[PDB]
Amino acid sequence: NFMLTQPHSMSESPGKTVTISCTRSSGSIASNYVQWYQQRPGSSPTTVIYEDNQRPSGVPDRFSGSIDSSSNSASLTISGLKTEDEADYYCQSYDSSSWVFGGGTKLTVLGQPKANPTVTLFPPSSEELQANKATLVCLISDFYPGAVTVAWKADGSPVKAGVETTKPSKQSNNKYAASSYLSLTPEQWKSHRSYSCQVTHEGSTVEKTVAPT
C-alpha cells in the first residue's frame, strides 16, 4: 500500500507553533481519514486528532489537524507549545487494503535550562553480600541536557570491568535519568578502601564514594 512520510525529528521553543507533515505517496490524502497519535516514552499512544481535524475530548485546543491536497499531506499543528508536548507523533490512514502508519516524528521543546545531575550511590546490602554478590548502584537523575559520562574508581584507580550503564531516558518532568551498576566479587569489595561513581555532565563532575561497613 501507500507510504506516509513524516519528518524524523523537529525542535521548537515553548509558546511557538510547530506543524508536523504526513505526506501520502499515492492516492489523495483526502480519500481516507487521517488520525494523529501522541506517544510519550514508556506510555501507550493517545489519540489527539481523528477524521483529519476532530479533537477528542481531553485534548487541548492548541492541537489542530488539517489536510493540504496541494502537497498531498496531512498536518498536525501544535500552537502554544508546552514542555508536556515533547513526545513522538504518528499519523495514520488507510484504504480498502490496509492501515498505514507514518514513521513517527520526535518533537523536542527547546529552551530547557541546564541542570546538573543528582547522584545517589548505594553500596552492597548485607543481604546481597550474604548471597556472595556485591552490586554498587549509581543512580543519576534530574540532568539536562540528556548526556552524561560515568567513571568508576577503586580507591583512586580506574575500574575497567564489571560496569553496565543505561542510556539516558526522559523522566516525567522532561529532565533525564540514567543508572550505572558495578558488579564486584565480595573479595574485590572488601579489599579496597572505597569505590567512587563519578558523573560528568557538560564538563562538570559530580562524585559519590562508598566503603565497606
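The first residue of the sequence shown is number 1, and the count goes up from there.
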| item | value |
| --- | --- |
| Of 168-176 and 25-33, the stretch whose C-alpha atoms average the higher B-factor in the entry | 168-176 |
| Mean C-alpha B-factor comparison - 62-70 and 45-53, higher one | 62-70 |
| Which of 132, 118, 105, 77 ranks first by CA B-factor in the deposited coordinates | 118 |
| Cα B factor band for residue 9 (lowest, middle or highest third within the chain) | middle |
| For residue 204, the third of its chain into which the C-alpha B factor falls | highest |
| Lowest, middle or highest third - CA B-factor, residue 110 | highest |
| Chain-wide C-alpha B factor ranking for residue 194, given as lowest, middle or highest third | highest |
| B-factor third for the C-alpha atom of residue 96 within its chain | highest |
